[PDB]
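A.B. asks: Just one file: start_22.txt, with compact mmCIF, C-alpha atoms.
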```txt
# COMPACT_ATOMS: atom_id res chain seq x y z
CA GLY N 9 -21.15 -31.88 -46.94
CA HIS N 10 -20.83 -30.74 -50.49
CA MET N 11 -23.24 -28.02 -51.71
CA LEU N 12 -23.46 -25.07 -49.35
CA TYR N 13 -21.23 -21.97 -49.99
CA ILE N 14 -22.44 -18.50 -49.08
CA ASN N 15 -19.84 -15.86 -49.93
CA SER N 16 -21.29 -12.32 -50.52
CA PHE N 17 -18.01 -10.71 -51.33
CA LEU N 18 -17.10 -13.23 -54.05
CA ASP N 19 -20.58 -13.10 -55.69
CA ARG N 20 -20.57 -9.26 -55.67
CA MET N 21 -17.13 -9.18 -57.23
CA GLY N 22 -18.39 -11.58 -59.94
CA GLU N 23 -21.46 -9.33 -60.63
CA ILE N 24 -19.14 -6.35 -61.30
CA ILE N 25 -16.60 -8.29 -63.36
CA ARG N 26 -19.35 -9.86 -65.53
CA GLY N 27 -20.62 -6.30 -66.21
CA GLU N 28 -23.95 -7.08 -64.51
CA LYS N 29 -23.51 -4.23 -62.03
CA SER N 30 -21.86 -0.83 -62.39
CA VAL N 31 -18.09 -0.58 -61.83
CA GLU N 32 -19.04 2.31 -59.48
CA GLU N 33 -20.07 -0.34 -56.99
CA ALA N 34 -16.40 -1.40 -56.62
CA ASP N 35 -15.90 1.58 -54.33
CA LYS N 36 -18.14 0.43 -51.45
CA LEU N 37 -17.00 -3.14 -52.07
CA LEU N 38 -13.32 -2.28 -51.86
CA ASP N 39 -13.82 -0.78 -48.42
CA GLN N 40 -12.27 -3.08 -45.78
CA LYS N 41 -14.86 -2.18 -43.14
CA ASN N 42 -17.69 -3.17 -45.47
CA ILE N 43 -15.75 -6.33 -46.43
CA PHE N 44 -15.31 -7.30 -42.78
CA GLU N 45 -19.06 -6.69 -42.29
CA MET N 46 -20.04 -8.76 -45.37
CA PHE N 47 -18.25 -11.79 -43.93
CA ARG N 48 -19.83 -11.24 -40.53
CA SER N 49 -23.27 -11.33 -42.11
CA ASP N 50 -22.28 -14.44 -44.12
CA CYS N 51 -21.21 -16.05 -40.83
CA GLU N 52 -24.48 -15.05 -39.16
CA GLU N 53 -26.53 -16.35 -42.10
CA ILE N 54 -24.71 -19.70 -42.28
CA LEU N 55 -25.08 -20.17 -38.54
CA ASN N 56 -28.82 -19.34 -38.73
CA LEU N 57 -29.21 -22.13 -41.35
CA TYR N 58 -27.65 -24.53 -38.86
CA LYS N 59 -29.69 -23.24 -35.88
CA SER N 60 -32.99 -23.50 -37.79
CA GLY N 61 -32.15 -26.95 -39.19
CA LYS N 62 -32.39 -25.60 -42.78
CA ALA N 63 -28.88 -26.76 -43.57
CA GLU N 64 -27.29 -29.75 -41.98
CA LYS N 65 -24.27 -29.31 -39.75
CA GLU N 66 -21.92 -30.90 -42.31
CA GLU N 67 -22.95 -28.44 -45.05
CA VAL N 68 -22.49 -25.51 -42.70
CA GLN N 69 -19.07 -26.87 -41.64
CA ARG N 70 -18.07 -27.12 -45.30
CA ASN N 71 -19.19 -23.56 -45.89
CA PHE N 72 -17.13 -22.29 -42.96
CA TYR N 73 -14.03 -24.20 -44.10
CA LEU N 74 -14.45 -22.79 -47.61
CA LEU N 75 -15.14 -19.26 -46.33
CA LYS N 76 -12.04 -19.30 -44.08
CA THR N 77 -9.88 -20.72 -46.83
CA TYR N 78 -11.24 -18.07 -49.25
CA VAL N 79 -10.33 -15.23 -46.82
CA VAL N 80 -6.83 -16.63 -46.07
CA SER N 81 -5.98 -17.80 -49.57
CA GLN N 82 -7.88 -15.63 -52.12
CA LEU N 83 -9.33 -12.49 -50.61
CA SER N 84 -6.14 -10.40 -50.89
CA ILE N 85 -5.67 -11.41 -54.50
CA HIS N 86 -9.31 -10.80 -55.38
CA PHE N 87 -9.34 -7.35 -53.75
CA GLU N 88 -6.30 -6.32 -55.84
CA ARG N 89 -7.81 -7.84 -59.03
CA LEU N 90 -11.03 -5.89 -58.49
CA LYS N 91 -9.08 -2.78 -57.51
CA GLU N 92 -7.13 -3.15 -60.78
CA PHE N 93 -10.24 -3.96 -62.84
CA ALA N 94 -11.87 -0.78 -61.51
CA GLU N 95 -8.87 1.62 -61.82
CA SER N 96 -8.21 0.50 -65.39
CA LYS N 97 -11.57 2.23 -66.07
CA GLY N 98 -11.37 5.14 -63.65
CA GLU N 102 -7.81 4.38 -53.90
CA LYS N 103 -8.00 2.49 -50.52
CA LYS N 104 -6.64 -1.03 -49.71
CA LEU N 105 -7.17 -4.02 -47.49
CA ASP N 106 -4.73 -4.38 -44.62
CA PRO N 107 -3.38 -7.93 -44.18
CA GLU N 108 -4.26 -7.45 -40.49
CA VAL N 109 -7.95 -6.95 -41.31
CA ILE N 110 -7.84 -10.20 -43.36
CA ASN N 111 -6.58 -11.98 -40.19
CA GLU N 112 -9.37 -10.53 -38.15
CA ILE N 113 -11.91 -11.85 -40.64
CA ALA N 114 -10.35 -15.31 -40.38
CA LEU N 115 -10.39 -14.99 -36.56
CA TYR N 116 -14.04 -14.10 -36.57
CA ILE N 117 -14.97 -17.10 -38.75
CA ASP N 118 -12.98 -19.37 -36.45
CA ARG N 119 -14.94 -17.96 -33.53
CA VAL N 120 -18.45 -18.12 -35.01
CA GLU N 121 -17.90 -21.65 -36.07
CA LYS N 122 -17.08 -23.00 -32.59
CA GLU N 123 -20.86 -22.88 -32.01
CA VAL N 124 -21.27 -25.66 -34.64
CA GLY I 9 -28.71 -15.12 -52.79
CA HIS I 10 -26.69 -17.62 -53.66
CA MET I 11 -25.78 -20.76 -51.74
CA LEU I 12 -25.08 -23.55 -54.18
CA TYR I 13 -21.55 -24.58 -55.09
CA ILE I 14 -20.90 -28.16 -55.96
CA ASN I 15 -17.20 -28.93 -56.66
CA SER I 16 -16.15 -32.51 -55.97
CA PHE I 17 -12.48 -31.94 -56.75
CA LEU I 18 -12.24 -29.05 -54.30
CA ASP I 19 -13.93 -31.01 -51.52
CA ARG I 20 -11.90 -34.22 -52.02
CA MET I 21 -8.68 -32.21 -52.07
CA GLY I 22 -9.75 -30.51 -48.82
CA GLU I 23 -10.54 -33.87 -47.23
CA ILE I 24 -7.02 -35.18 -47.96
CA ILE I 25 -5.40 -31.94 -46.65
CA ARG I 26 -7.57 -32.08 -43.46
CA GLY I 27 -6.75 -35.77 -42.82
CA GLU I 28 -10.33 -36.98 -43.29
CA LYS I 29 -9.04 -39.11 -46.14
CA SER I 30 -5.79 -41.00 -46.47
CA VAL I 31 -2.99 -39.43 -48.56
CA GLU I 32 -3.19 -42.80 -50.41
CA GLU I 33 -6.21 -41.16 -52.11
CA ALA I 34 -4.31 -38.26 -53.68
CA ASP I 35 -2.96 -40.49 -56.47
CA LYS I 36 -6.49 -41.31 -57.69
CA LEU I 37 -7.73 -37.77 -57.24
CA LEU I 38 -4.83 -36.38 -59.36
CA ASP I 39 -5.35 -38.62 -62.37
CA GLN I 40 -6.34 -36.01 -65.01
CA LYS I 41 -8.80 -38.40 -66.62
CA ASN I 42 -10.57 -38.82 -63.25
CA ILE I 43 -10.46 -35.02 -62.80
CA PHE I 44 -12.23 -34.39 -66.11
CA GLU I 45 -14.87 -37.06 -65.29
CA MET I 46 -15.39 -35.53 -61.81
CA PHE I 47 -16.22 -32.09 -63.26
CA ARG I 48 -18.45 -33.77 -65.89
CA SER I 49 -20.30 -35.55 -63.06
CA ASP I 50 -20.57 -32.28 -61.14
CA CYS I 51 -22.17 -30.48 -64.11
CA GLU I 52 -24.72 -33.29 -64.31
CA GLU I 53 -25.51 -33.13 -60.56
CA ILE I 54 -25.89 -29.35 -60.86
CA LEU I 55 -28.05 -29.63 -63.96
CA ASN I 56 -30.26 -32.18 -62.08
CA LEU I 57 -30.84 -29.86 -59.09
CA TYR I 58 -32.19 -27.35 -61.57
CA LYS I 59 -34.18 -29.99 -63.49
CA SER I 60 -35.73 -31.39 -60.23
CA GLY I 61 -36.61 -27.92 -59.00
CA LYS I 62 -34.26 -27.96 -56.01
CA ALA I 63 -32.28 -25.02 -57.35
CA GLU I 64 -33.40 -22.01 -59.36
CA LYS I 65 -31.68 -21.10 -62.62
CA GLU I 66 -29.72 -18.24 -61.00
CA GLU I 67 -28.35 -20.57 -58.27
CA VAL I 68 -27.14 -23.07 -60.81
CA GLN I 69 -25.78 -20.19 -62.97
CA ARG I 70 -23.75 -19.04 -59.95
CA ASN I 71 -22.43 -22.60 -59.40
CA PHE I 72 -21.38 -22.95 -63.05
CA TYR I 73 -19.68 -19.51 -62.98
CA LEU I 74 -17.71 -20.43 -59.87
CA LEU I 75 -16.95 -23.90 -61.23
CA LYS I 76 -15.76 -22.52 -64.61
CA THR I 77 -13.64 -19.85 -62.88
CA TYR I 78 -12.31 -22.52 -60.46
CA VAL I 79 -11.17 -24.63 -63.37
CA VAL I 80 -9.53 -21.82 -65.33
CA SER I 81 -7.85 -20.11 -62.31
CA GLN I 82 -7.52 -22.44 -59.28
CA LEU I 83 -7.47 -26.07 -60.45
CA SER I 84 -3.70 -26.06 -61.42
CA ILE I 85 -2.81 -24.49 -58.06
CA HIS I 86 -4.77 -26.98 -56.05
CA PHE I 87 -3.32 -29.80 -58.15
CA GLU I 88 0.20 -28.65 -57.18
CA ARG I 89 -0.76 -27.96 -53.58
CA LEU I 90 -1.92 -31.56 -53.29
CA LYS I 91 1.23 -33.02 -54.88
CA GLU I 92 3.24 -30.85 -52.50
CA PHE I 93 1.05 -32.10 -49.66
CA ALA I 94 1.34 -35.79 -50.59
CA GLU I 95 5.11 -35.45 -51.05
CA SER I 96 5.91 -33.89 -47.64
CA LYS I 97 3.72 -36.57 -46.12
CA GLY I 98 5.82 -39.26 -47.90
CA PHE I 99 3.62 -40.40 -50.83
CA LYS I 100 5.20 -38.47 -53.71
CA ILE I 101 2.94 -38.37 -56.78
CA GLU I 102 4.23 -38.96 -60.32
CA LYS I 103 1.28 -37.33 -62.10
CA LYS I 104 0.86 -33.95 -63.83
CA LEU I 105 -2.05 -31.94 -65.28
CA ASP I 106 -1.96 -30.97 -68.98
CA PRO I 107 -2.76 -27.27 -69.68
CA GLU I 108 -4.81 -28.60 -72.60
CA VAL I 109 -6.90 -30.69 -70.17
CA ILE I 110 -7.64 -27.62 -67.99
CA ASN I 111 -8.77 -25.82 -71.16
CA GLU I 112 -11.01 -28.71 -72.24
CA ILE I 113 -12.73 -28.97 -68.78
CA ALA I 114 -13.46 -25.17 -68.78
CA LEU I 115 -14.72 -25.42 -72.30
CA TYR I 116 -16.90 -28.43 -71.36
CA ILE I 117 -18.49 -26.45 -68.46
CA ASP I 118 -18.87 -23.54 -70.83
CA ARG I 119 -20.81 -26.01 -73.03
CA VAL I 120 -23.28 -27.33 -70.37
CA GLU I 121 -23.67 -23.85 -68.82
CA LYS I 122 -25.74 -23.07 -71.98
CA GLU I 123 -28.72 -24.45 -70.24
CA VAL I 124 -31.23 -27.25 -69.63
```
The structure in this file should be written as structure tokens.
C.D. replies:
Amino acid sequence: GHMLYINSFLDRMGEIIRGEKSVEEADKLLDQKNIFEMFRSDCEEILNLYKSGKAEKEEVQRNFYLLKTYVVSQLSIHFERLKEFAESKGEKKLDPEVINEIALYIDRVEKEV
Amino acid sequence: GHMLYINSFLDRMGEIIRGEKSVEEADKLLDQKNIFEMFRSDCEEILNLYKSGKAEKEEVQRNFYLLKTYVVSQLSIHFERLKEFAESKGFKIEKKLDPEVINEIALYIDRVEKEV
């Protein structure tokens, strides 16, 4: 697989950084509970694509591999970047242990595939 | 939204790391000339999804944003990752990636991003 990559957190960060959406939005985004939920929804959406045959299994597997690798390798850095982007214009953080839980959840959901 | 994200370098790297492809393949992947041509071919595939109506302009705009930001901010890291991976595994690579080449790939994407 080679095309499919849902990631709501990443796209929403990009909207704010490109100045397409208000920096005020960083506040709900930088909330670890909402972040955990965003990824859950991503997982549910990707899985629904597989279940309905709309995306082939290999594209959904690629998306899960990318999503897990994003959470493990980039999410902590991105959160801090966006936290710093926001503050440098006028709070909370993301516990490494929540990041693990997101990775765990993606591992779980995927087993279905 | 958005679902589309073509990136051939990222996927091939991931395939070598996962063991789906031989480590023998890292050497070809990490030739900076092949790297530049790979991103050029990706832009063209992406442009053709738009031009064949398989992806809307905002999907391909998302792909080019991620691809441009991948090149400027992740491509050197993944290059080094893969070297470090091929070395441990016993196939040390004697290739490097010019900062200037990174710049020219980003700039090239920046170029085709300006559309159709």
A.B. asks: Residues at most 12 Å from residue N:122, counting all atoms listed in the file, excluding those fewer than 6 positions away in the same chain, as an MDAnalysis selection string?
C.D. replies: chainID N and resid 51 55 65 68:69 72:73 115:116
A.B. asks: Counting all atoms listed in the file, which residues from chain I have an atom at most 10 Å from any atom of chain N, and could you show them as a PyMOL selection string?
C.D. replies: chain I and resi 9-16+18-20+22+54+70-71+73-74+77+82
A.B. asks: Measure the distance from atom CA of residue I:78 to atom CA of residue I:33 in Å and round it to one decimal.
C.D. replies: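 These two atoms are separated by 21.3 Å.
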A.B. asks: Nearest to residue I:96: which of I:31, I:124, I:38, I:21 is it, counting all atoms listed in the file?
C.D. replies: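 So, comparing all the options, the nearest one is I:31.
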A.B. asks: Skip residue N:20 itself and residues of its chain fewer than 4 positions away, then list as a list in words all residues within 12 Å of it, counting all atoms listed in the file.
C.D. replies: residues 14, 15, 16, 24, 25, 26, 27, 28, 29, 30, 31, 33, 34, 35, 36, 37, 38, 43, 46, 86, 87 and 90 of chain N; 9, 10 and 70 of chain I
A.B. asks: Write the residues of the preceding selection, restricted to C-alpha atoms, as an mmCIF file, in the frame of the given file.
C.D. replies:
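Result saved to result_0.cif:
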```
data_model
loop_
_atom_site.group_PDB
_atom_site.id
_atom_site.type_symbol
_atom_site.label_atom_id
_atom_site.label_comp_id
_atom_site.auth_asym_id
_atom_site.auth_seq_id
_atom_site.Cartn_x
_atom_site.Cartn_y
_atom_site.Cartn_z
ATOM 1 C CA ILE N 14 -22.440 -18.500 -49.080
ATOM 2 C CA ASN N 15 -19.840 -15.860 -49.930
ATOM 3 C CA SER N 16 -21.290 -12.320 -50.520
ATOM 4 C CA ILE N 24 -19.140 -6.350 -61.300
ATOM 5 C CA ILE N 25 -16.600 -8.290 -63.360
ATOM 6 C CA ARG N 26 -19.350 -9.860 -65.530
ATOM 7 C CA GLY N 27 -20.620 -6.300 -66.210
ATOM 8 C CA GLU N 28 -23.950 -7.080 -64.510
ATOM 9 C CA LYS N 29 -23.510 -4.230 -62.030
ATOM 10 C CA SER N 30 -21.860 -0.830 -62.390
ATOM 11 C CA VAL N 31 -18.090 -0.580 -61.830
ATOM 12 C CA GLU N 33 -20.070 -0.340 -56.990
ATOM 13 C CA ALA N 34 -16.400 -1.400 -56.620
ATOM 14 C CA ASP N 35 -15.900 1.580 -54.330
ATOM 15 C CA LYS N 36 -18.140 0.430 -51.450
ATOM 16 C CA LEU N 37 -17.000 -3.140 -52.070
ATOM 17 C CA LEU N 38 -13.320 -2.280 -51.860
ATOM 18 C CA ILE N 43 -15.750 -6.330 -46.430
ATOM 19 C CA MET N 46 -20.040 -8.760 -45.370
ATOM 20 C CA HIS N 86 -9.310 -10.800 -55.380
ATOM 21 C CA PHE N 87 -9.340 -7.350 -53.750
ATOM 22 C CA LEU N 90 -11.030 -5.890 -58.490
ATOM 23 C CA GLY I 9 -28.710 -15.120 -52.790
ATOM 24 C CA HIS I 10 -26.690 -17.620 -53.660
ATOM 25 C CA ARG I 70 -23.750 -19.040 -59.950
#
```
A.B. asks: What's the separation between atom CA of residue I:50 and atom CA of residue I:66, in Å to one decimal place?
C.D. replies: 16.8 Å
A.B. asks: Could you check how far atom CA of residue I:116 sits from atom CA of residue I:92, in Å to one decimal?
C.D. replies: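 Computed distance, atom CA of residue I:116 to atom CA of residue I:92, equals 27.7 Å.
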A.B. asks: So, with only C-alpha atoms as the atoms that count, which of I:68, I:120, I:101, I:55 lies closest to residue I:32?
C.D. replies: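 Closest to residue I:32, using only C-alpha atoms: I:101.
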A.B. asks: Which residues come within 10 Å of residue N:105, counting all atoms listed in the file, excluding same-chain residues fewer than 4 positions away, as a list in words?
C.D. replies: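 The residues satisfying every condition are residues 38, 39, 40, 41, 43, 44, 83, 84, 87, 88, 109 and 110 of chain N.
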A.B. asks: If we count all atoms listed in the file and set the cut-off at 12 Å, which residues sit around stretch 86-88 of chain I, ignoring sequence neighbours fewer than 4 positions away in its own chain? Please answer as an mmCIF file with C-alpha atoms, keeping the file's coordinate frame.
C.D. replies:
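Dumped to out-v7.cif:
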```cif
data_model
loop_
_atom_site.group_PDB
_atom_site.id
_atom_site.type_symbol
_atom_site.label_atom_id
_atom_site.label_comp_id
_atom_site.auth_asym_id
_atom_site.auth_seq_id
_atom_site.Cartn_x
_atom_site.Cartn_y
_atom_site.Cartn_z
ATOM 1 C CA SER N 81 -5.980 -17.800 -49.570
ATOM 2 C CA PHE I 17 -12.480 -31.940 -56.750
ATOM 3 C CA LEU I 18 -12.240 -29.050 -54.300
ATOM 4 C CA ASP I 19 -13.930 -31.010 -51.520
ATOM 5 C CA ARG I 20 -11.900 -34.220 -52.020
ATOM 6 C CA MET I 21 -8.680 -32.210 -52.070
ATOM 7 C CA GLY I 22 -9.750 -30.510 -48.820
ATOM 8 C CA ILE I 24 -7.020 -35.180 -47.960
ATOM 9 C CA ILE I 25 -5.400 -31.940 -46.650
ATOM 10 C CA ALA I 34 -4.310 -38.260 -53.680
ATOM 11 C CA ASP I 35 -2.960 -40.490 -56.470
ATOM 12 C CA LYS I 36 -6.490 -41.310 -57.690
ATOM 13 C CA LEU I 37 -7.730 -37.770 -57.240
ATOM 14 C CA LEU I 38 -4.830 -36.380 -59.360
ATOM 15 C CA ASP I 39 -5.350 -38.620 -62.370
ATOM 16 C CA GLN I 40 -6.340 -36.010 -65.010
ATOM 17 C CA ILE I 43 -10.460 -35.020 -62.800
ATOM 18 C CA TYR I 78 -12.310 -22.520 -60.460
ATOM 19 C CA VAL I 79 -11.170 -24.630 -63.370
ATOM 20 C CA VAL I 80 -9.530 -21.820 -65.330
ATOM 21 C CA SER I 81 -7.850 -20.110 -62.310
ATOM 22 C CA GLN I 82 -7.520 -22.440 -59.280
ATOM 23 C CA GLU I 92 3.240 -30.850 -52.500
ATOM 24 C CA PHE I 93 1.050 -32.100 -49.660
ATOM 25 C CA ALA I 94 1.340 -35.790 -50.590
ATOM 26 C CA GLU I 95 5.110 -35.450 -51.050
ATOM 27 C CA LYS I 100 5.200 -38.470 -53.710
ATOM 28 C CA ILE I 101 2.940 -38.370 -56.780
ATOM 29 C CA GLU I 102 4.230 -38.960 -60.320
ATOM 30 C CA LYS I 103 1.280 -37.330 -62.100
ATOM 31 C CA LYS I 104 0.860 -33.950 -63.830
ATOM 32 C CA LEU I 105 -2.050 -31.940 -65.280
ATOM 33 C CA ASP I 106 -1.960 -30.970 -68.980
ATOM 34 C CA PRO I 107 -2.760 -27.270 -69.680
ATOM 35 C CA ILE I 110 -7.640 -27.620 -67.990
#
```
A.B. asks: Around the point (-19.5, -24.0, -69.7), in the coordinates given by the file, pick out the residues reaching within 9 Å, counting only C-alpha atoms, and return them as number ranges by chain.
C.D. replies: I: 51, 72-73, 75-76, 113-122
A.B. asks: With C-alpha atoms kept, could you save the residues just selected as a CSV table (one decimal), in the frame of the given file?
C.D. replies:
```csv
chain,number,residue,atom,x,y,z
I,51,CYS,CA,-22.2,-30.5,-64.1
I,72,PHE,CA,-21.4,-23.0,-63.0
I,73,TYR,CA,-19.7,-19.5,-63.0
I,75,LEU,CA,-17.0,-23.9,-61.2
I,76,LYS,CA,-15.8,-22.5,-64.6
I,113,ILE,CA,-12.7,-29.0,-68.8
I,114,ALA,CA,-13.5,-25.2,-68.8
I,115,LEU,CA,-14.7,-25.4,-72.3
I,116,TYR,CA,-16.9,-28.4,-71.4
I,117,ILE,CA,-18.5,-26.4,-68.5
I,118,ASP,CA,-18.9,-23.5,-70.8
I,119,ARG,CA,-20.8,-26.0,-73.0
I,120,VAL,CA,-23.3,-27.3,-70.4
I,121,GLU,CA,-23.7,-23.8,-68.8
I,122,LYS,CA,-25.7,-23.1,-72.0
```
A.B. asks: Around all the atoms of stretch 109-123 of chain I listed in the file, with 3 Å of room on each side, what axis-aligned box do you get, giving centre and edge lengths in Å to one decimal, as JSON?
C.D. replies:
```
{"center_x": -17.8, "center_y": -26.9, "center_z": -70.5, "size_x": 27.8, "size_y": 13.6, "size_z": 11.0}
```
A.B. asks: So which one's closest to residue N:123, N:59, N:76, N:91, N:103? Using all atoms listed in the file, please.
C.D. replies: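 For residue N:123, the nearest of the candidates is N:59.
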